[PDB]
Amino acid sequence: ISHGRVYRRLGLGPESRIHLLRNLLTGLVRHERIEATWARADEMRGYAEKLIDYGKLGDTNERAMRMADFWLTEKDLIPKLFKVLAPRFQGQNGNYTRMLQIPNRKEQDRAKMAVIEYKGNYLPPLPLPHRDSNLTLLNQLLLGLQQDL
Amino acid sequence: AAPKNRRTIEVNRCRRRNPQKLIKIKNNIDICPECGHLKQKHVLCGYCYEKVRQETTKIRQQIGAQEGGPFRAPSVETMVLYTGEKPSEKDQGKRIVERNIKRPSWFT
Amino acid sequence: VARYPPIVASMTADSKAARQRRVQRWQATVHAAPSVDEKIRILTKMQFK
RNA sequence: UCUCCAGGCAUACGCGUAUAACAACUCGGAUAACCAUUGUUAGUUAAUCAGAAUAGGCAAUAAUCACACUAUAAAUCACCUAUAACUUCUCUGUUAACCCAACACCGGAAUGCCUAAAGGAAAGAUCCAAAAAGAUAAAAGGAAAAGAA
RNA sequence: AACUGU
Ligand SMILES: [Zn+2]
């Protein structure tokens, strides 16, 4: 019975979910790339995107400062969000976080693994999929159709 | 309540050999062009990811030594530089991580 | 005019830095002991090998 | 490093190497990781901590901050007189996450100090079935609060 | 009697 549900049940309670999400968000900000279970990663992706908006809002915002302090346990990160993450994403209007599927852990539980990272980071690029080139026979056939049209 | 009689192997054999209980084959197997190893269509390569993950630890290890303490996350942007690469003017005002290895071909 | 929080370890964490912060809280109480005898009592009320 | 939990440390008793390092990955842990498993090697240091002569003479009056002060359950060798000996530091205990319960049993287990500075982790993954159990919440009403006999 | 999903 999970019809119309918009929230995952994680941790030992709603407070634990926030704390677990809080810990995940703090770790992601520090490292900018974290590997976690797909279900948890999907839940926290929305939170990370909204956090960047709070950084964009401005340092002087009292709500952002309170929000940043609560979500980020490590206080050294608070300057980073306003001075590193927020400046980086000023051009971007969204999609700050990139989440991709990772092979399942071979730890006898076979948990679904995914990696969530902040776009524009200095970390090495992830092995992203590359779409087929237009030089392919099917694409070339479509190219001929395009020229005729 | 206990079984009224022993279950015959023939009856047991049919239950376990029913198609519903048998192991199904998978058709989503794919090849990794980068490493040439197998992968699933919805799953990423692992042989190359092994390089990426280990390289991240090596980069992170260099970062950890440079910081030298907890709660030392910089308030400024960070960049990674490899041997043979020199900082540019745009790199000014950014944390610089120096890697003894040369710039990896995959890393750009 | 941003009220940046202090860059200190969390009090409730299970770590060396967090333990030191908890230690400081007690040490403040010792600094708050007015009488010399109270200082001795606090320092010696626990027996250890 | 972060999140959260709040009986901890010594001795007794019991146990008897379960201690520690290394090497193994078969067995043991009711799964792994890791070892508590397997093999090998090592260990616990005490003049201070703990354990391991004789014959006579003579005794009225508790404690309780012991003073007052009462009470009833009625509550402490010494020192004298003689005899005998005549220059001494070895032995043993010391480890541990440990014991009694057939078990790595949600049980039993004395004393002293202190109450977090000590000591810890409820989450193998996913799903959120029904049914069932526990917990929280109740529009209107109140047996269809803590007041009386 | 009150009290409450009895
Ligand atoms: Zn590859």
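Engineer: I tried to follow the overall build of chain C on my own but got confused; where do I start?
Structural biologist: A count of helices and strands for chain C gives two helices and zero strands. Oriented by its inertia axes, the alpha-carbon framework of chain C measures out at about 45 × 30 × 10 Å. Buried residues in chain C amount to 12% of all 49 residues.

Engineer: Please explain the protein's contact with RNA strand D as it appears in this structure.
Structural biologist: Neighbouring residues of RNA strand D: 34 residues in total, closest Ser2, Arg9 and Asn23 of chain A together with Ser10 and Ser15 of chain C. Taking the atoms of RNA strand D that fall within 4 Å of the protein, sugar and phosphate contribute 72% of them. Between RNA strand D and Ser2 of chain A there is a distance of 2.5 Å, counted from a phosphate oxygen to a side-chain nitrogen or oxygen. One of the side-chain nitrogen or oxygen atoms of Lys45 of chain C is found 3.0 Å away from a phosphate oxygen of RNA strand D. Elements that contribute at least two residues to the surface near RNA strand D include exactly α1 (14-31) of chain A together with α1 (16-31) and α2 (36-44) of chain C.

Engineer: What am I meant to see in the packing of α1 of chain A against helix α4 (residues 77-88) of chain A here?
Structural biologist: Two numbers describe a pair of packed helices, the interaxial angle and the distance between the axes. Residue and element names in this part refer to chain A. Across the interface, α1 lies against α4 with an axial gap of 11 Å and an inter-helix angle of 55°. Judged by the angle between their axes, α1 and α4 are oblique. Regarding α1 and α4, the two cross each other, and that crossing is left-handed. Here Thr26, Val29 and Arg30 of α1 lie close against α4, whose contacting residues are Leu77, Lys80 and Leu85.

Engineer: Got a minute to help me understand the interface of chain A and chain B in this structure?
Structural biologist: You'll often see interface size given as the accessible area lost when the parts meet. Contact with chain A, which involves 22 residues of that partner, is made by 24 residues of chain B. Summed over both sides, the interface of chain A with chain B buries roughly 2,100 Å², with 62% coming from carbon and sulfur. If you look at where chain A meets chain B, you find two salt bridges. Between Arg88 of chain A and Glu77 of chain B there is a salt bridge whose closest N-O contact spans 3.4 Å. Our enumeration of links across chain A and chain B arrives at six residue pairs in polar contact.

Engineer: I keep staring at the side chain of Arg22 of chain A and nothing clicks. Help me out?
Structural biologist: Residues and elements named next belong to chain A. Here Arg22 lies in helix α1. Of the side chains with opposite charge, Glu15 lies nearest to the buried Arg22, which makes no salt bridge, at 6.4 Å. In this view, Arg22 contacts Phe70, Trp71 and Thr73; residues no more than four positions away in its chain are not counted.

Cut-off values and rules
Residues numbered from 1 in each chain as written, not as in the entry; some residues may be left out. Chains lettered and ligands numbered in written order. Part of a larger assembly, values for the part shown. Heavy atoms only, no water. Helix = DSSP H or I, 4+ residues; strand = E, 2+ residues; numbered from the N terminus. Buried < 20%, exposed > 50% of the residue type's maximum accessible area, 1.4 Å probe, protein only. Near = heavy atom within 4 Å. Polar contact = N/O pair within 3.5 Å; in protein donor to acceptor, adjacent residues only side chain to side chain. Axes fitted to C-alpha atoms, helices over the stretch in contact; angles between N-to-C directions. Parallel < 35°, antiparallel > 145°, perpendicular 65-115°, else oblique. Left-handed = near helix turned anticlockwise from the far one by under 90°. Contact = heavy atoms within 4.5 Å. Buried area = accessible area lost by both parts, 1.4 Å probe. Salt bridge = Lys/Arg side-chain N within 4 Å of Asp/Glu carboxyl O. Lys, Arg positive; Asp, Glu negative; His and termini not counted.

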